[PDB]
Amino acid sequence: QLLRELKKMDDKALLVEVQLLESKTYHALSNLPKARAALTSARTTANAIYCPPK
Amino acid sequence: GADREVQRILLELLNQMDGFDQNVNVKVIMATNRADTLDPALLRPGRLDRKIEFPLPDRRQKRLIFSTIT
Amino acid sequence: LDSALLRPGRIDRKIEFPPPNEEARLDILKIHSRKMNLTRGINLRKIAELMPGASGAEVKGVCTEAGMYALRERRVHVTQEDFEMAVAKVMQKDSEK
Amino acid sequence: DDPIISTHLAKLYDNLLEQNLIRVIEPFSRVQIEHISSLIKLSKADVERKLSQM
Amino acid sequence: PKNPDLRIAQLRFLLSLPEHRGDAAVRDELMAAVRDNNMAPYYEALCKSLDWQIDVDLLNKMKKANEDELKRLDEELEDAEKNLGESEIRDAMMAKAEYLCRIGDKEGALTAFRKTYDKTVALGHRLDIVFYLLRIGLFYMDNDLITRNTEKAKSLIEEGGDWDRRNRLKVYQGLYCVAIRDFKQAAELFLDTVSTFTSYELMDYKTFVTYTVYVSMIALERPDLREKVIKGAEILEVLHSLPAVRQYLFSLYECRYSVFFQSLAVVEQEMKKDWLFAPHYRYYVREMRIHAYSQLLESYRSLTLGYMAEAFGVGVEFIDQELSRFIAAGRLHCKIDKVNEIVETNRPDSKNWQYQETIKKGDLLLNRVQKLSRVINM
Amino acid sequence: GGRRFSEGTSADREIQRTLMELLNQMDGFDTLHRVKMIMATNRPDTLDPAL
Amino acid sequence: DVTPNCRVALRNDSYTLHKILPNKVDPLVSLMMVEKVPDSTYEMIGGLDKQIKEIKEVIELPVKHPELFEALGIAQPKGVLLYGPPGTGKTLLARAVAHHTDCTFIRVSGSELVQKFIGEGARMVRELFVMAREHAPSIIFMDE
Amino acid sequence: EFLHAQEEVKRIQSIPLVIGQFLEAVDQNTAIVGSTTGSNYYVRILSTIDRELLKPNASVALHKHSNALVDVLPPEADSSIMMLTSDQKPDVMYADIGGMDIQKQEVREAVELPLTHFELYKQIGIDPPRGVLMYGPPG
Amino acid sequence: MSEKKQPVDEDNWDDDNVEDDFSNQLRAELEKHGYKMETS
Ligand SMILES: Nc1ncnc2c1ncn2[C@@H]1O[C@H](COP(=O)(O)OP(=O)(O)OP(O)(O)=S)[C@@H](O)[C@H]1O
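Residues numbered from 1 in each chain as written, not as in the entry; some residues may be left out. Chains lettered and ligands numbered in written order. Part of a larger assembly, values for the part shown. Heavy atoms only, no water. Residues with missing side-chain atoms left out of burial classes, pairs and counts.

As documented in the archive entry, the model was determined using cryo-EM at 3.6 Å resolution.

Dropping the structure here:
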């Protein structure tokens with residue numbers, strides 16, 4: 001419901017936040033390959049910003 | 001005669017630069033301030049492959065260099 | 001170039017090189033991937049359809065940086081995550097001059 | 001506080017067992033299990049099984 | 001077009017050697033034979049199968065269609081020497097000559113391969129031709145024509161480091177090593193199981209998994225065995241798919257000394273009716289037997305048949321005769337007693353196995369050089 | 001000193017190599033000790049930025 | 001047997017020729033090694049087949065069949081121009097087709113190393129044709 | 001007879017040796033060397049030399065008057081001293097450099113990393129580079 | 001030549017040694033398992 005709202009615009013640093021928390025919660029709710037893929041989307045998301053300083 | 005010697009120095013450098021064995025571990029590091037006055041016969045795949053530049057720093061790098069040196 | 005070179009009785013053939021398309025980048029990727037240590041179940045068309053019409057030189061860069069990303073993990077095979085991060089790296093380098 | 005203590009308890013236990021077994025054996029070869037059962041502070045069933053596994 | 005070509009030789013093995021198993025094989029052998037326009041490779045099996053009551057027209061119309069398809073290319077050659085490409089004649093009818101050779105016998109192979117081999121300067125086509133040789137020499141089990149260009153291909157491989165031909169020939173030499181009694185090589189060649197493309201010879205990746213477990217349960221004892229097939233994951237998911245594969249693994253690693261011959265009964269009865277194990281399944285069984293008996297007898301020295309009858313199975317006399325033959329076979333040194341009910345072990349077996357293999361290879365090498373040195377000077 | 005060139009006259013090559021000898025052996029790997037260097041000229045505009 | 005540009009053994013006192021020496025220099029090949037283009041072939045240009053057909057019809061067709069052109073009676077062609085974005089196969093196609101049609105690939109762009117290998121560096125650039133008459137099936141290729 | 005003849009051959013070196021470099025060889029018992037006197041010679045060789053020890057490019061001992069191949073040298077001929085040998089380290093540590101993470105990491109993977117993990121490149125199929133070039137403004 | 005005067009007339013072998021062990025007794029030994037699991 002929200003990634004469609006986010007990738008329609010330009011912003012990228014918030015995709016980091018939502019994909020990161022989804023990589024937390026699928027590990028929490030015991031879905032290991034989906035947590036892997038949701039982490040991988042964040043891995044390739046984080047290599048597109050000049051300043052992700054934290 | 002001043003340029004012929006530098007010329008054959010470059011020739012010998014290229015010729016022993018090319019065929020080591022493709023297995024002899026000898027890494028060659030070169031560095032100049034000027035990356036414009038280079039005959040591109042060096043800068044070919046096989047001889048000098050990776051290109052690295054050292055640009056001027058920026059705000060975060062200024063902070064880090066300050067924190068280190070000071 | 002010169003208009004005096006462009007006399008029609010001077011050059012015989014003039015040959016265009018378009019930037020590569022989806023199938024063209026797919027062929028380029030299936031050539032340059034043939035030297036790595038890949039893994040089954042990899043989708044190359046996703047990788048080709050994440051490129052913004054890259055050059056014929058840059059896909060080789062994607063393969064080499066995929067090799068580097070597999071190397072830093074102390075791994076011996078190359079999976080699609082390394083390719084996607086290599087796509088991110090090359091598309092970050094695309095804004096360098 | 002660890003998310004998985006199965007790894008840490010069970011597998012570090014699966015190490016620390018033979019980390020004790022190198023202690024209890026290094027003195028002497030012809031060793032009886034019924035007196036080493038007290039030094040290991042454990043029943044001898046999993047001693048026989050785990051040491052056969054060793 | 002030799003990709004579906006392996007099921008042919010599969011059924012060639014599967015039909016004739018079991019006597020009662022001779023109906024479904026000849027059914028879908030017909031279903032594969034009267035299409036693809038197959039003519040040559042089945043005259044022996046035609047003398048092994050039935051009369052095929054009308055051989056008169058039903059196959060001669062097929063070979064006439066083959067003649068049309070053949071000399072349309074042999075009258076395309078003059079149309080392709082009009083514009084000499086990369087010898088478009090030979091580049092066209094190389095794979096179509098292997099179509100003709102999928103029809104034909106190995107003479108079309110031995111001339112068309114070496115014909116089109118010296119055409120190209122791009123070695124990928126050479127690699128494809130070498131694949132063609134390896135496959136058809138595997139079809140006629142010509143285990144000597146293929147070992148030439150295994151080496152001649154690894155020369156064409158190892159100008160550096162690649163993906164394609166390295167992993168492909170890993171699969172190819174793995175099948176050749178599992179063809180002969182070579183098991184640690186089969187495990188080392190089947191080590192990969194990661195980038196082994198869903199192929200025509202890998203007609204199921206799952207069958208590739210079954211083979212690489214059916215030789216890795218022999219090859220090494222335990223100093224990578226748990227780490228590959230137990231601590232691994234990419235193999236673990238697909239062995240988690242089939243029950244029977246995971247069955248014997250967790251059996252033998254669990255040491256369930258009675259379900260072993262159940263698992264081995266299923267795997268062995270499939271091993272009977274499976275190709276490239278035909279001189280192999282007999283030594284396989286005693287190999288598994290001694291490999292289980294090793295890890296049994298290693299832990300205990302005060303053991304007997306009174307421990308066998310309840311944790312291993314029944315027929316104490318069968319235990320007796322089996323261990324008697326296997327111990328007196330110079331294998332698994334441990335000494336057994338009569339009615340005092342004692343099976344004692346020899347605690348190191350590393351005195352004469354030290355001395356053993358050197359004399360056992362020097363025997364064959366000296367016997368070689370005897371005759372071969374007396375070959376010269378008449 | 002000079003500044004730099006597109007290699008106009010062949011004599012300027014040797015001056016540039018001499019200046020790079022200076023630039024190397026004032027920084028190098030074997031660092032100097034106590035060698036204070038006084039440098040004077042009219043117009044430092046014509047000097048090499050590497051110096 | 002006294003070829004031009006061949007090493008001979010010379011005795012020292014009388015200066016007499018002693019023996020012809022092998023391992024000739026191959027200056028064109030040395031220049032080629034100095035240049036060191038990527039050596040390519042057909043199978044690594046996948047995705048540009050129409051341009052392949054064009055260069056076939058304009059280069060492979062004069063070499064293998066001059067008399068098709070001389071029967072149809074037009075000028076056999078002599079010039080190819082390649083354009084596109086930089087980095088889309090401008091080199092591998094030329095080098096590869098020149099490799100398959102068996103022509104001595106020559107890339108003289110701008111060095112003076114090259115100007116020493118060709119001639120003595122004296123006056124002009126046309127001496128590449130003097131070295132191209134000796135290896136007559138050859139192709140000359142250039143950058144921007 | 002033969003062994004004393006072998007050692008009577010061996011009077012050739014003894015203390016006037018001059019150093020050429022091996023260039024080429026015609027065939028068995030005939031080679032080509034170019035001296036450090038600038039010129040280049042067609043010489044004969046001794047039957048003493050084990051022929052494994054030659055034919056890339058080796059500093060080789062020549063006779064003065066006869067100017068012929070005599071002996072092989074061990075690898076030598078200074079690399080401006082040689083390889084700094086004990087203590088000529090610049091004494092600069094890792095954390096002394098501040099904030100150069102991409103560049104330090106890249107120079108690491110280009111130089112320091114293939115120095116050790118050589119066999120990973122042969123398995124992954126990376127073709128690690130031969131030479132690396134740095135540049136930038138002065139300072 | 002070599003007329004050899006006539007008044008008179010792995011893959012195969014190591015597992016034939018092993019097959020000489022296998023020959024007379026228990027040829028297709030797979031069922032005798034299931035034969036004797038219920039005997040005793
Ligand atoms: N058809 C192709 N498919 C895939 N990669 C290619 C292809 N052609 C070239 N490359 C790669 O792209 C690089 C650059 O292509 P080139 O053929 O050298 O064109 P180019 O030299 O970039 O043209 P320039 O820069 O204007 S001289 C080559 O070094 C190859 O690695």
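Here the narrative resumes, following the displayed structure.
Enquirer: Could you clarify how one ought to interpret the overall build of chain I in this entry?
Expert: The secondary structure content of chain I amounts to two helices and zero strands. Considering only C-alpha atoms, chain I reaches an extent of 65 × 25 × 10 Å along its principal axes. Counting across all 40 residues of chain I, residues that qualify as buried make up 25%. As displayed, chain I offers around 3,600 Å² of accessible surface, 50% of which is attributable to carbon and sulfur atoms. Averaged over its 5 positive side-chain charges, chain I has a centre that lies 7 Å from the centre of its 13 negative ones. (Helix = DSSP H or I, 4+ residues; strand = E, 2+ residues; numbered from the N terminus. Buried < 20%, exposed > 50% of the residue type's maximum accessible area, 1.4 Å probe, protein only. Areas by Shrake-Rupley, 256 points an atom, 1.4 Å probe, with all protein chains shown as cover. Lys, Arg positive; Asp, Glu negative; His and termini not counted. Charge placed at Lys NZ, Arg CZ, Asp CG, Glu CD.)

Enquirer: Please clarify how the site of the ligand should be interpreted in this entry.
Expert: Taken together, 14 residues form the shell around the ligand, and within it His32 and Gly56 of chain C together with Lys90, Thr91 and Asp143 of chain G come nearest. At the site occupied by the ligand, the surrounding residues belong to chains C and G. One nitrogen or oxygen atom from the side chain of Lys60 of chain C is found 3.4 Å from an oxygen atom belonging to the ligand. Within the backbone of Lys90 of chain G, an N or O atom sits 3.1 Å from an oxygen atom of the ligand. Computed on the free molecule, the ligand has an accessible area of 620 Å², of which 78% lies beneath the protein chains in the complex. (Near = heavy atom within 4 Å. Polar contact = N/O pair within 3.5 Å; in protein donor to acceptor, adjacent residues only side chain to side chain.)

Enquirer: What exactly am I supposed to notice about the sheet that holds strand β2 (residues 48-53) of chain B here?
Expert: Two orientations exist for strands paired in a sheet by backbone hydrogen bonds: parallel and antiparallel. Spatially, β1(B)-β6(H)-β2(B) is the arrangement adopted by the three strands of the open sheet, whose pairing is parallel. The sheet terminates laterally at β1 (28-32) and β2 of chain B, the two strands that pair on one side only. Across this sheet, the average inter-strand angle for adjacent strands is 20°, counted without regard to direction. In terms of strand pairing, β2 of chain B meets strand β6 (residues 131-135) of chain H through five bridges, oriented parallel. Counterpart to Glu53 of chain B in the pairing with β6 of chain H is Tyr135 of chain H. (Pairing = 2+ DSSP bridges. Axes fitted to C-alpha atoms, helices over the stretch in contact; angles between N-to-C directions.)

Enquirer: Would you mind showing me how to read the interface of chain B and chain H here?
Expert: A common measure of how large an interface is: the accessible area buried when the components associate. Taken together, the contacts link 33 residues of chain B with 22 residues of chain H. Taken together, the two surfaces of chain B and chain H that pack against each other cover about 2,800 Å², and 59% of this comes from carbon and sulfur. The largest per-residue losses of area from chain B upon contact with chain H belong to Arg50, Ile52 and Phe54 of chain B, which jointly make up 28% of the total buried on that side. Between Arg50 of chain B and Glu106 of chain H there is a salt bridge, with the nearest N and O atoms lying 2.8 Å from each other. If you look at where chain B meets chain H, you find 16 residue pairs in polar contact. At the level of elements, α1 (2-18), β1, β2 and α2 (59-69) of chain B are the ones that each hand at least two residues to the side of chain B that touches chain H. At six residues, β2 of chain B tops the list of elements feeding residues into the side of chain B that touches chain H. A class-by-class count of the residues in the side of chain B that touches chain H yields 17 nonpolar, nine polar and seven charged. (Contact = heavy atoms within 4.5 Å. Buried area = accessible area lost by both parts, 1.4 Å probe. Salt bridge = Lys/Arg side-chain N within 4 Å of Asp/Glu carboxyl O. Nonpolar A, V, L, I, M, F, W, Y, C, P; charged D, E, K, R; others polar.)

Enquirer: Is there a simple way to think about the packing of aromatic side chains in this case?
Expert: The geometry of an aromatic ring pair is captured by the separation of the ring centres together with the interplanar angle, meaning the angle of the planes. All names here are of chain E. Tallying each qualifying case throughout the model produces 12 aromatic pairs over all chains. Seen from their ring centres, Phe190 and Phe208 are 5.3 Å apart, and the 75° between their planes marks the pair as edge-to-face. Taken together, the residues span a long stretch of sequence, with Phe190 in the loop between α11 (184-189) and α12 (205-219) and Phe208 in helix α12 at a distance of 18 residues. With a centroid separation of 5.9 Å and an interplanar angle of 80°, the aromatic rings of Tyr300 and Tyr307 are classed as edge-to-face. Of the residues examined, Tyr307 reaches a relative accessible area of 34% and is grouped as partly exposed. A network of ring pairs unites the aromatic residues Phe190, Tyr205 and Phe208 as a single cluster. Sitting above the plane of the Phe197 ring, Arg168 keeps its charged end 4.1 Å from the centroid. (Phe/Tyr/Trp six-rings, centres within 6.5 Å; stacked < 30°, edge-to-face > 60°. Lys NZ or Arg CZ within 6 Å of the ring centre and 35° of its normal.)

Enquirer: Would you explain the sheet that holds strand β5 (residues 69-72) of chain H in this entry?
Expert: All names here are of chain H. If you trace the five strands from one edge of the open sheet to the other, you get β3-β2-β1-β4-β5, paired in antiparallel fashion. Whereas interior strands pair on both sides, the edge strands pair on one side only; in this sheet they are β3 (41-43) and β5. On average, each strand axis in the sheet is inclined to that of its neighbour by 50°, with strand direction left out of account. The pairing of strand β2 (residues 30-35) with β3 spans three bridges and is antiparallel. Bridge assignment links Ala31 to a residue of β3, and that residue is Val43.

Enquirer: Would you mind going over the state of the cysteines with me for this structure?
Expert: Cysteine pairs can be covalently joined through their sulfur atoms, and such a bond is termed a disulfide. Applying the stated criterion across every chain yields a total of zero disulfides over all chains. Note on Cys334 of chain E: no disulfide assigned, nearest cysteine sulfur contributed by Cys255 of chain E at a separation of 16 Å. (Disulfide = S-S within 2.5 Å.)

Enquirer: Whenever I open this one, the packing of α12 of chain E against helix α17 (residues 281-297) of chain E confuses me. Can you help?
Expert: All names here are of chain E. Their axes nearest at 10 Å, the elements α12 and α17 cross at an angle of 50°. By the angle between their axes, α12 is oblique relative to α17. Considering only the axes of α12 and α17, their crossing is left-handed. When α12 is examined against α17, the residues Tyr214, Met217 and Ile218 are found in contact with a partner set consisting of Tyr284, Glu287, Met288 and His291. For the contact of α12 with α17, the per-class residue count stands at five nonpolar, one polar and one charged. (Parallel < 35°, antiparallel > 145°, perpendicular 65-115°, else oblique. Left-handed = near helix turned anticlockwise from the far one by under 90°.)

Enquirer: Would you explain the environment of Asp36 of chain E in this entry?
Expert: Residues and elements named next belong to chain E. Inspection of the secondary structure assignment puts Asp36 in the loop between α2 (24-33) and α3 (43-46). Judged by relative accessible area, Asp36 falls into the partly exposed class, the value being 23%. Sequence separation of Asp36 and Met62 is 26 residues, and the distance between their C-alpha atoms is 9.4 Å. Once residues lying within four places of it in the same chain are set aside, the contact partners of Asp36 are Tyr99, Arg102 and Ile103. Only 2.8 Å separates the side chain of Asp36 from the side chain of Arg102, close enough to count as a polar contact.

Enquirer: What's the story with the pattern of salt bridges in this structure? I'm lost.
Expert: Where charged atoms from two side chains of opposite charge come close, those side chains can pair. Tallied over the entire structure, the rule returns 33 salt bridges over all chains. Residue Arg47 of chain B is joined to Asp18 of chain B by a salt bridge in which the shortest nitrogen-to-oxygen separation is 3.1 Å. Of this pair, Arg47 of chain B sits in the loop between β1 and β2 while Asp18 of chain B is found in helix α1, placing the two residues 29 residues apart along the sequence. You'll find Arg47 of chain B and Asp18 of chain B in the same group, each marked buried. If you follow the salt bridges from partner to partner, you end up with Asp18 and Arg47 of chain B together with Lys36 of chain G in one network.

Enquirer: Can you help me understand a negative patch on the surface in this one?
Expert: Residue and element names in this part refer to chain E. A surface patch of negative charge is lined by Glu67, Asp68, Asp74, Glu75, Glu76, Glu78, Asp79 and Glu81. Counting residues per element, the ones that place at least two in the negative patch are α4 (60-73) and α5 (77-80). Its place among the elements puts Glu78 in helix α5. (Patch = residues over 30% accessible without salt bridge, like charges linked within 9 Å, V, L, I, M, F, W, Y side chains within 5 Å.)

Enquirer: Would you take a moment to explain the nonpolar core for this structure?
Expert: Soluble, globular proteins show a tendency: their nonpolar side chains are buried together. Within the largest apolar cluster, 51 residues are counted, with the highest numbers of intra-cluster contacts made by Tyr214, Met217, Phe260, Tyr284, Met288 and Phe312 of chain E. Contributing elements (two or more residues each) for this core: α10 (164-179), α12, α13 (225-229), α14 (234-241), α15 (243-254), α16 (260-272), α17 and α19 (316-328) of chain E. Of all the elements, α12 of chain E adds the most residues to this core, at nine residues. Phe312 of chain E has contacts with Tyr257, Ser258, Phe261, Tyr293 and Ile319 of chain E, leaving out every residue within four places of it along the chain. Ranked by size, the runner-up nonpolar core spans 27 residues in total, among them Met36, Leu38 and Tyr69 of chain C together with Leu120 of chain H. (Core = buried A, V, L, I, M, F, W, Y, C linked by side-chain atoms within 4.5 Å.)

Enquirer: It is not clear to me how the side chain of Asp164 of chain E should be interpreted in this structure. Could you clarify?
Expert: Inspection of the secondary structure assignment puts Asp164 of chain E in helix α10. Among residues more than four places away in sequence, those in contact with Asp164 of chain E are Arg34 of chain C together with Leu127 of chain E.

Enquirer: Just checking my understanding: could you explain the packing of α17 of chain E against α19 of chain E for this structure?
Expert: Packed helices, taken two at a time, are described by their axes: the angle between them and the distance between them. Residues and elements named next belong to chain E. Two elements in contact, α17 and α19, have axes whose closest approach is 12 Å; the angle formed by their N-to-C orientations is 95°. Taken together, the axes of α17 and α19 are roughly perpendicular relative to one another. Where α17 approaches α19, its residues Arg286, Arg289 and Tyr293 are matched on the opposing element by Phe318, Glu322, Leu323 and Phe326. Of the residues assigned to the contact of α17 with α19, the class counts are four nonpolar, no polar and three charged.

Enquirer: How do you make sense of the arrangement of the chains when you look at a structure like this?
Expert: Sorting the 16 pairs of chains in contact by contact count puts chains B and H at the top. Separating chain A from chain E is a minimum C-alpha gap of 12 Å, and the two share no contact. Spatially, chain G and chain I are disjoint, and the shortest separation between their C-alpha atoms is 41 Å.

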